[PDB]
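Residues take their numbers from the sequence shown, with the count starting at 1. What's counted below: heavy atoms across the whole structure, side chains too, no hydrogens, waters or symmetry copies.
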Amino acid sequence: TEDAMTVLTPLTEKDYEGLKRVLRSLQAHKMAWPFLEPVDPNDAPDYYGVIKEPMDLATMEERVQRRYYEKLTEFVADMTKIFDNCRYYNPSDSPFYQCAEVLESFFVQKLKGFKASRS
Ligand SMILES: Cn1ncc(N[C@H]2CCNC2)c(Cl)c1=O
């Protein structure tokens, strides 16, 4: 199943080309700009004291380029931190919270396509 594959099956070189495509799709999305680089503390009081595990798309790109991820779960966990951190720090009427909702929905669509392609 795709769930077990996601947790257990090591990422191959072919898998990594798919991860790069997924990442580039997210970076190009109209609602991705809040997530392209780390949050600046001057945009968000106490951000780094509140958020335990910050993440952003440039950090994920570096990690993809360095072959940091061994399993798809780990890549999904980093991506999900981006959206969960945003929704945790901000109120639901924040424009950043709204971007997280839209971009995660897009991620989920692309992720399902990638999982289907591994077979
Ligand atoms: C509270 N807060 N402040 C900023 C931000 N993104 C920044 C990154 C660079 N340009 C916008 C997010 Cl994602 C957030 O949640």
Side-chain angles (χ1 to χ4, degrees):
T1 199
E2 291 175 4
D3 294 331
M5 289 280 296
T6 296
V7 179
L8 298 171
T9 297
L11 292 165
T12 66
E13 278 318 303
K14 285 70 47 212
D15 286 333
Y16 255 90
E17 294 306 311
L19 290 185
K20 297 173 188 182
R21 179 182 52 76
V22 170
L23 188 57
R24 290 190 307 252
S25 277
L26 264 75
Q27 289 170 313
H29 193 284
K30 175 56 215 168
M31 317 274 304
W33 73 265
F35 313 112
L36 293 174
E37 297 286 333
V39 177
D40 193 295
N42 278 339
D43 283 349
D46 298 309
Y47 189 87
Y48 291 92
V50 169
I51 295 300
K52 294 291 184 183
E53 300 191 284
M55 188 52 53
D56 61 280
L57 294 168
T59 298
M60 293 195 66
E61 174 187 289
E62 173 188 354
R63 288 174 173 197
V64 168
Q65 294 187 283
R66 303 298 196 197
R67 308 305 195 258
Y68 167 88
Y69 303 102
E70 296 174 5
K71 308 289 193 52
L72 179 58
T73 44
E74 298 158 359
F75 177 91
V76 173
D78 271 359
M79 186 66 72
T80 303
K81 279 188 253 178
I82 295 178
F83 308 129
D84 285 353
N85 290 345
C86 187
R87 291 187 295 254
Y88 187 82
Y89 176 85
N90 293 290
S92 63
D93 58 359
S94 167
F96 300 128
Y97 192 113
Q98 308 289 302
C99 290
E101 298 288 53
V102 180
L103 196 63
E104 186 171 35
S105 308
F106 179 70
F107 176 60
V108 166
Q109 286 168 333
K110 291 287 181 174
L111 178 64
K112 178 74 214 73
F114 173 74
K115 289 178 177 176
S117 75
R118 299 186 79 190
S119 310

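Listed by chain and number, the residues in a side-chain contact (heavy atoms from CB on, under 4.5 Å) with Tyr88 are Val50, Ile51 (sequence neighbours excluded). Residues passing the side-chain contact (heavy atoms from CB on, under 4.5 Å) test with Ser119: none are found, sequence neighbours excluded. Scanning for side chain to side chain donor-acceptor pair (under 3.5 Å) contacts around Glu74 gives an empty result, with sequence neighbours left out. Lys81 meets the salt bridge (charged side-chain N to carboxylate O under 4.0 Å, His left out) test with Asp78; sequence neighbours excluded. Under the salt bridge (charged side-chain N to carboxylate O under 4.0 Å, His left out) criterion, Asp56 pairs with no residue, sequence neighbours left out. Residues passing the side chain to side chain donor-acceptor pair (under 3.5 Å) test with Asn90: none are found, sequence neighbours excluded. Residues that satisfy the salt bridge (charged side-chain N to carboxylate O under 4.0 Å, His left out) test with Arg66, not counting sequence neighbours, are absent from this structure. By the salt bridge (charged side-chain N to carboxylate O under 4.0 Å, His left out) test, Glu70 is found to be paired with no residue, residues two or more places apart in sequence or in another chain being considered.
Residue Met31 belongs to a hydrophobic cluster whose other members are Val102, with links defined by side-chain heavy atoms closer than 4.5 Å.
Within the structure, salt bridge (charged side-chain N to carboxylate O under 4.0 Å, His left out) pairs that include any residue of residues 35-52 do not occur (at least two apart or interchain). Applying the side chain to side chain donor-acceptor pair (under 3.5 Å) test to every pair with at least one member in residues 92-116, sequence neighbours left out, gives these pairs: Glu2-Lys112, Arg87-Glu101, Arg87-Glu104.
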For residues 16-25, which side-chain donor-acceptor pairs fall under 3.5 Å, sequence neighbours excluded?
{"residue": "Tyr16", "atom": "OH", "partner": "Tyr69", "partner atom": "N", "Å": "2.9"}
{"residue": "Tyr16", "atom": "OH", "partner": "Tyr69", "partner atom": "O", "Å": "2.6"}
{"residue": "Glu17", "atom": "OE2", "partner": "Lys20", "partner atom": "NZ", "Å": "2.9"}
{"residue": "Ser25", "atom": "OG", "partner": "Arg21", "partner atom": "O", "Å": "3.4"}

